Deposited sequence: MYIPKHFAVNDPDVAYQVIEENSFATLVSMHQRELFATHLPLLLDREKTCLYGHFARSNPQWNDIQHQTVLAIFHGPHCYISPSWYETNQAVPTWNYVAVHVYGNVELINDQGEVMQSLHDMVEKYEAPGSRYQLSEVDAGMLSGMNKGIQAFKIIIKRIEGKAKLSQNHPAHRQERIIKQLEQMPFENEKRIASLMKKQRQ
């Protein structure tokens, strides 16, 4: 609904980027970062990945995946319940501009590196082969739609049962989904 969509984008930056390539749906998996002003998303394809060939001039879709997991009706007080899935997701629409300026490419590889290198990493900076090799781009953001199915449709007690059960399950999705519902 609101400003939580940005949070999901920044924490699940390995997006799926869907566009029409030659009149068929085409998707790439790849990190997409928000610029400081949060008005667009930067990424880069491999040049050998043909999706950029005709990615311009259309509203593409970037999907950011939050946590999900199965919710079992065996967790409620009753036989009378329907199974369901919990998840969180942010869909971003906008248009692409390919970026070839070599200063801009470098700036967006930098911001990316800072995002993913570990705090004590000494990594930072054949390399023009990393101009020949990649195709930076940006997605000027047009709209953002967020989904958060979190069983908030149910009474508070049934929700506590679901939490109690998920939080004691040794799986990432279950626990992450469990932190979400509480909030």
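J.: Show which contiguous pieces of the deposited sequence have no C-alpha coordinates, counting from residue 1.
T.: Those parts of the chain that were deposited but carry no coordinates are 1-10, 136-141, 200-202.
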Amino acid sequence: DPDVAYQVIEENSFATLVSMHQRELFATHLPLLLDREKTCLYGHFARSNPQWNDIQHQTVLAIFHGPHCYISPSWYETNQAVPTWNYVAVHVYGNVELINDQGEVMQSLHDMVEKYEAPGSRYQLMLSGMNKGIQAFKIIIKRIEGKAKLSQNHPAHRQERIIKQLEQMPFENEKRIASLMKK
From here on, numbers count along this sequence of modelled residues.
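J.: 126-134 versus 152-160: which one carries the higher mean Cα B factor per the record?
T.: So the stretch with the higher mean C-alpha B-factor is 126-134.
J.: Per the PDB record, is the mean Cα temperature factor higher over 115-123 or over 40-48?
T.: According to the entry, 40-48 carries the higher average C-alpha B-factor.
J.: Thinking about Cα B factors across the chain, which third does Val18 belong to?
T.: Lowest third - that is where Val18 ends up once the chain's C-alpha B-factors are sorted.
J.: Can you tell me whether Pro83 has a C-alpha B-factor in the lowest, middle or highest third compared with the other modelled residues of the same chain?
T.: As the PDB entry reports it, the C-alpha B-factor of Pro83 lands in the highest third of its chain.
J.: Within this chain's modelled residues, let me know which third the CA B factor of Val4 belongs to: lowest, middle or highest.
T.: Highest third.
J.: Can you tell me whether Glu77 has a C-alpha B-factor in the lowest, middle or highest third compared with the other modelled residues of the same chain?
T.: Its C-alpha B-factor, which the entry lists for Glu77, ranks in the highest third among residues of this chain.
J.: Could you tell me which third, lowest, middle or highest, the C-alpha B-factor of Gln107 occupies within its chain?
T.: Lowest third of the chain for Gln107's C-alpha B-factor.
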